[PDB]
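In the structure tokens that follow, the same protein chain appears in two forms, which are kept apart as structure 1 and structure 2.
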Structure 1
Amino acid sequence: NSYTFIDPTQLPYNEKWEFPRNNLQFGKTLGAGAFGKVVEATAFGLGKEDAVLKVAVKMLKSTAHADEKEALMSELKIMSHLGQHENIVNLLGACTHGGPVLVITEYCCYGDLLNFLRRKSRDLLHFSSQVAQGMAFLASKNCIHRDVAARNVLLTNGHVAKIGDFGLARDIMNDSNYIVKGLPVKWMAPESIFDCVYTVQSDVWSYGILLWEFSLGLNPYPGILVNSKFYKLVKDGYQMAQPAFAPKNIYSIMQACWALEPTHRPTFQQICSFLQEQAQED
């Protein structure tokens, strides 16, 4: 499959990415938490060609210390080593010198998917494929994502979906989908919950939950509270039912992804292929 020659969370920053903040006028804030945020902006003469364009910049709020200010650099560092892919929110550059860290990304003009679906309560299949392609890539670099969900999928011009992660620019603290456990429990594989284990095979599970998000944006395990009862349910192998708008084949993928044995679950490679077949038949 893929061999990892190096791990990017232990590599230093690559200064080829650096871009000068003076060619950057902040537009509107796009999203924010209690430790950092994300805001529209125009980068003057970006890339190896002197072209202006629209971007998003992630950055710390006032309230950051060695915990978060590092975790932004980690994200920066990890990101400099994946490099581009149409189905991913790509790093364009950074500002790491002469001020707090500014991480400049593609601006995805239609924002998060969970809202794009909730808004609108073959198109559903493209989204699934595109997200699947993006994860197959992250998988090919042995990069575990840990927060695969519709809230973290973005929609650029021509409704192409790219995986991302809002990280510090999301109010995780005031978001009931993230449970305090001395975590987005409804999206997590059992090995991730019970045993703090986190693989690409876990991310397939979470990618299962994302497909069920074909419910056109429903909260998983609808009306089920996260508590003793919910953990037993998922260990004893309970599965959400088929969504209304799911083709049977597609629910077969979800049930595949929600296999309790991590190895019995498929790979982003397989899913992309099964998705490719089901495309011309539609």
Structure 2
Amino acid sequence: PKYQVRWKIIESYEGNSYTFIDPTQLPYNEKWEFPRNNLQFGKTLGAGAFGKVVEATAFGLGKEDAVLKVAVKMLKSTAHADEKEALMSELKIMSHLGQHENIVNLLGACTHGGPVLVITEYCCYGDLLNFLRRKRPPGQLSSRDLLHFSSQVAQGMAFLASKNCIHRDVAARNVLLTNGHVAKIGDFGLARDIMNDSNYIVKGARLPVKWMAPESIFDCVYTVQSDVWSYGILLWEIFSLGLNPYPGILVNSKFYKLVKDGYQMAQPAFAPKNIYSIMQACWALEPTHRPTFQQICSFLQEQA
């Protein structure tokens, strides 16, 4: 029922990254501001219980006065106070993270004279899960390309981790493909029908339990290492060409016991053995035994 910002900046004891500030507690930085009516709406890309995302044309957006297609996030006109706060919080975090080639970047915002609108990159080929499902063989794509996708998502995640940013909803539905079929990770909950998505299970909240690390499920702890677990599930999605994780198994008491016992999905049909080894490493029960995203990146490179 509550919206529901997944991205989170955490505190940093070790690692190469140090957290000086909590961005949601300062901005909003006005350098992002964009004239409201230099936007013309188009088709609705998606919608849910809290808002929607619409394709649009932006007239003279960046420093180069150019026109381009963009995706505009926004809340229902019925949105309550807290949820507008959550939207501003997502805005502030995206602005704090900076730009990277394998995330869905912030391009601007309209915060004055009407409802808050968040302007982010338009990715022409849509989300990764759908694209996978349309490129199945009987029962276009290629093994090189799946390795490209895996690498590009790992790069985006290495970038987030370097900012001490946790995602907490890493999954194929949250990966987009843009020109050149380059993968970009983001969070598109706003555009999704969460209330009716069986992949999100009722708790406190609505949680993607099948993508979640053991320690997130039982201890409600979230670190970059827990994102690594989820990335392994994402890998399984890619190399199964878009099968639902744990096919046929419903989330209930027996599932929770399985994962806690050390159950791991079997090797996907289209996964090379060494890629499966990445998944297995990602699913180590002890969090400090999992790889980091940069170690995944270098292995995927060595394997290419």
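Here, a residue number simply tells you its place in the sequence of structure 1, counted from 1. If you superpose the two forms and keep the largest set of C-alpha atoms that fall within 1.5 Å, you have the rigid core.
inquiry  = Shifts of 2 Å or more at the CA atom, core superposed, between structure 1 and structure 2: which of the listed residues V103, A189, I88, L168 is the one?
reply    = Single residue meeting the criterion: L168.
inquiry  = Give the rigid core superposed Cα shift of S62 between structure 1 and structure 2, in Å, rounded to one decimal.
reply    = Comparing between structure 1 and structure 2 after core fitting, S62 shifts 2.8 Å at its C-alpha.
task = Once both forms sit on the same core, give the Cα displacement of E49 between structure 1 and structure 2 in angstrom.
result = A shift of 1.7 Å at the C-alpha.
ask   = How many Å does the Cα of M135 travel between structure 1 and structure 2 when the structures are matched on their rigid core?
value = On core superposition, this C-alpha lies 0.3 Å from its counterpart.
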